[PDB]
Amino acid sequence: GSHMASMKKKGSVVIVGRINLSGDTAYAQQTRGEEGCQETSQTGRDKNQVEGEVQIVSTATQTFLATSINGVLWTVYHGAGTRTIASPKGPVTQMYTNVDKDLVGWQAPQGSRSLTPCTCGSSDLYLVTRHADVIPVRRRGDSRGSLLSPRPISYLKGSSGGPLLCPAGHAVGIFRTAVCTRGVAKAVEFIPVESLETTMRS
């Protein structure tokens, strides 16, 4: 538009829940409902206590995941764009933005726990979805893995920004893309942790 005084502002990304990997069972928890999410997106002020490594996040129009690795909460550019994230003191600006990697990052929220970047060189991986499904994935390239059990894409939708982990629970990558045939996801692509570690200068 040409009328700046009425131009709107996009809201912040908001943490609305988490994937609980604390104990012996993985399960999703919601920490904020739709109304509070909308309000928090507009104000950027989120006083809710944050816990864990994998957050469920939402904008006004999308919901996906975000994962803390080495003190950074990482997600996909196609979900977050350039948006701030809501936090107790107001909106927090991205610390990393790389559209070429489909990647953004913010400082990890107080109370979150961070995954350690994997140095195992292991190719037996585990994708964690927004429904707390743990999906075996065989690493097939620097940024590619095949699902041991293919699944309709509906089962993976909304899980971009989630982790692929190694057998020891280290972060190997950030889920960003599915490779499908006739609506069935047979493979995934991810941002490898080394591409993050480069981004971080670790």
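In case it trips you up, residue 1 is the first one in the sequence shown, and so on.
According to the PDB record, 121 to 129 carries the higher mean C-alpha B-factor of the two stretches 67 to 75 and 121 to 129. The deposited model assigns a higher average Cα B-factor to 88 to 96 than to the other stretch when 101 to 109 and 88 to 96 are compared.
Across 177, 48, 29, 143, the greatest Cα temperature factor reported in the deposited entry is at 48. Annotation for residue 185: CA B-factor lies in the middle third of the chain's modelled residues. In the deposited entry, the Cα temperature factor of residue 138 sits in the middle third of values across the chain's modelled residues. Among the modelled residues of its chain, residue 167 has a C-alpha B-factor that falls in the middle third, as given in the PDB entry. In the deposited entry, the Cα temperature factor of residue 36 sits in the top third of values across the chain's modelled residues. Residue 161: CA B factor in the lowest third of modelled residues in this chain (values from the PDB entry).
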